[PDB]
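*Asks:*
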Amino acid sequence: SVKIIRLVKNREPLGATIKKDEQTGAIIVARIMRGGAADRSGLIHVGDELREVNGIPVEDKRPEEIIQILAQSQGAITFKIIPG
Amino acid sequence: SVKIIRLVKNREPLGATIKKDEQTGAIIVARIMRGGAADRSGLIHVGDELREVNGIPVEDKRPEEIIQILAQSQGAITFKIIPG
Amino acid sequence: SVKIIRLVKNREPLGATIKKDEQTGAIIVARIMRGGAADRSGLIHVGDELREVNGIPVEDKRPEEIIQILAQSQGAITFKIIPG
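Residue numbers (the deposited numbering), protein chains in the order written: chain A, 136 to 219; chain A', 136 to 219; chain A'', 136 to 219. A prime marks a further copy of an entry chain.
1) For the alpha helix (DSSP H) that contains residue 199 of chain A'', what are its first and last residues?
2) Hey, which unbroken runs of the beta strand (DSSP E) at 3 residues or more fall wholly within the segment 136-180 of chain A'?
3) Would you list, in chain order, the members of the segment 194-213 of chain A that have their beta-carbon closer than 7 Å to a beta-carbon of chain A'?
4) For residue 210 of chain A, which of A/149, A/179, A/203 and A/168 has the nearest alpha-carbon?
5) Am I right that residue 217 of chain A' and residue 137 of chain A' are in contact with their C-beta atoms under 8 Å? What's the rounded C-beta distance?
6) So, using beta-carbon positions, are residue 152 of chain A'' and residue 204 of chain A' closer together than 8 Å?
7) Please confirm whether residue 142 of chain A and residue 161 of chain A have their CB atoms less than 8 Å apart.
8) Rank A'/179, A'/215, A'/147 and A'/171 by C-alpha distance to the C-alpha of residue 194 of chain A' and give the top, closest one.
9) DSSP on residue 192 of chain A'', reduced to helix/strand/coil?
10) Give the residues from the segment 147-170 of chain A that approach chain D closer than 8 Å (Cβ to any Cβ), ordered along the chain.
11) Within 10 angstroms of the Cβ of residue 139 of chain A'', are there 16 or more other Cβ atoms? Answer buried if so, exposed if not.
12) Apart from the five residues on each side of it in sequence, which residues of its chain come closer than 6 Å, Cβ to Cβ, to residue 200 of chain A'?
13) What separation, rounded to the nearest whole angstrom, lies between the Cα atoms of residue 179 of chain A'' and residue 186 of chain A''?
14) At the level of alpha carbons, what is the spacing between residue 181 of chain A and residue 168 of chain A?
15) For residue 147 of chain A', which residues in the same chain have their Cβ closer than 8 Å to its Cβ, ignoring the five residues on either side in sequence?
16) Figure out for me which residue from A''/163, A''/176, A''/196 and A''/175 has the closest Cα to the Cα of residue 165 of chain A.
17) Cα-Cα, which of A'/219, A'/213 and A'/208 is closest to residue 145 of chain A'?
18) Going by other Cβ atoms of all chains shown within 10 Å of its Cβ, with 16 needed for buried, is residue 156 of chain A buried or exposed?
19) Quick check on this structure: which residue in A/176, A/159 and A/163 has the alpha carbon closest to the alpha carbon of residue 212 of chain A?
20) When the Cα of residue 183 of chain A is compared with those of A/158, A/159 and A/163, which residue comes out closest?
21) Expressed to the nearest angstrom, what Euclidean distance is found between the alpha-carbon atoms of residue 188 of chain A'' and residue 198 of chain A'?
22) Check residue 105 of chain A in the structure and name its three-state DSSP category.
See below:
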């Protein structure tokens, strides 16, 4: 079931890495850095699937693009996710 | 026609994503984040082609390398671009 | 011979890029940004091979993953390296 979550990163990384599952095509949260922005929010966890970032769907994009959107965004950031 | 532009990013992302066009080989600005460093400069736009970053030519490099140069650089950053 | 080094990056990039050597499989430091965190430490140099980041071995991971770990980490960061 798809959930909307929102957190803030300012002058700090998101603190999360992603990996595309090559069999399912899912973009999955692979790692949460301890004490980073993602971790402190308590809203996003290893195994969660990313569906959208700031209203941008992933489903038609390559990982290299999605990883840049996570890195190049600033301030409040919305994710639509399927929780693990 | 190739243009030299210079902007500053300090303790913030560039606020721009790039994508290689697999047919032409061009590295093209794919997205400008609203309110980010790139946007605020007014110097770089979706559809612009990157030719050089800080005097480093792109033309013999893979996207994974160029994306890291954009992320790992700090302070004033020069681009040589072909405007869209 | 493998060396453990530790540096700090906070609200700034690492200031280093990496590239996998497709023949050897090594993850090699390709560039050190002048005045960046990596450069100022004096501990890491072009040609050094990364073996681990914060205790995470590289040897079973893709470059896209390792590059994210470098970018998404904050604060003190440990590397295990083979100096060039």
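We treat Cβ as the ideally placed atom computed from N, Cα and C, and that holds for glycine.
*Replies:* Reading off the structure:
1) Against the third sequence, residue 199 of chain A'' aligns to sequence position 64. Note, residue 199 of chain A'': alpha helix (DSSP H), 198-207.
2) Within the segment 136-180 of chain A', the runs of beta strand (DSSP E) that reach at least 3 residues and sit entirely inside it are, in chain order, 138-144, 151-155 and 162-167.
3) Listed in sequence order: 199, 200, 203, 204, 206, 207, 208 and 209.
4) Position 75 of the first sequence, counted from the start, is the residue given in the question as residue 210 of chain A. The shortest CA-to-CA distance from residue 210 of chain A to any of A/149, A/179, A/203 and A/168 is the one to A/149.
5) For the purposes of this step, residue 217 of chain A' is taken as residue 82 along the second sequence, with counting starting at 1. For the purposes of this step, residue 137 of chain A' is taken as residue 2 along the second sequence, with counting starting at 1. The Cβ separation is near 6 Å, so the contact holds.
6) Walking along the third sequence from the start, residue 152 of chain A'' turns up at place 17. Walking along the second sequence from the start, residue 204 of chain A' turns up at place 69. Taking 8 Å as the Cβ cut-off, residue 152 of chain A'' and residue 204 of chain A' qualify as a contacting pair.
7) Taking the first residue of the first sequence as position 1, residue 142 of chain A is located at position 7. Taking the first residue of the first sequence as position 1, residue 161 of chain A is located at position 26. No, they are not a contact pair.
8) In the second sequence, counting from the first residue as 1, residue 194 of chain A' sits at position 59. Distances from the alpha-carbon of residue 194 of chain A' to those of A'/179, A'/215, A'/147 and A'/171 put A'/215 closest.
9) Residue numbering aside, residue 192 of chain A'' sits at position 57 when the third sequence is read from its first letter. Under the three-state reduction of DSSP output, residue 192 of chain A'' falls in the strand class.
10) The structure shown has no chain D; the protein chains it does contain are A, A' and A''.
11) Along the third sequence, read from residue 1 onward, the residue named residue 139 of chain A'' stands at position 4. With a 10 Å radius around the Cβ and a threshold of 16 neighbouring Cβ atoms, residue 139 of chain A'' comes out exposed.
12) For the purposes of this step, residue 200 of chain A' is taken as the residue at position 65 of the second sequence. Nothing listed; no residue qualifies.
13) Within the third sequence, residue 179 of chain A'' is the residue found at index 44, counting from 1. Within the third sequence, residue 186 of chain A'' is the residue found at index 51, counting from 1. A straight line joining the alpha-carbon of residue 179 of chain A'' with that of residue 186 of chain A'' spans about 13 Å.
14) To locate residue 181 of chain A, count along the first sequence from 1; it is residue 46. To locate residue 168 of chain A, count along the first sequence from 1; it is residue 33. If you take the alpha carbons of residue 181 of chain A and residue 168 of chain A, they lie about 10 Å apart.
15) Reading the second sequence from its first residue, position 12 is the one you call residue 147 of chain A'. Same-chain partners within the cutoff: 171 and 172.
16) Here residue 165 of chain A refers to the residue found at position 30 of the first sequence. The candidate whose alpha carbon is nearest that of residue 165 of chain A is A''/196.
17) Walking along the second sequence from the start, residue 145 of chain A' turns up at place 10. Relative to the Cα of residue 145 of chain A', the nearest Cα in the group A'/219, A'/213 and A'/208 belongs to A'/208.
18) As a working mapping, residue 156 of chain A is identified with position 21 in the first sequence. So residue 156 of chain A ends up on the exposed side.
19) Mapped onto the first sequence, residue 212 of chain A falls at position 77. Per the Cα distances, A/176.
20) What you label residue 183 of chain A is simply residue 48 of the first sequence in a count that begins at 1. Here the closest residue by C-alpha is A/163.
21) On the third sequence, residue 188 of chain A'' is found 53 positions in, with the first residue counted as 1. On the second sequence, residue 198 of chain A' is found 63 positions in, with the first residue counted as 1. When rounded, the distance between both Cα atoms is 23 Å.
22) No statement about residue 105 of chain A is possible, as the shown extent of chain A runs from 136 to 219 and does not include it.
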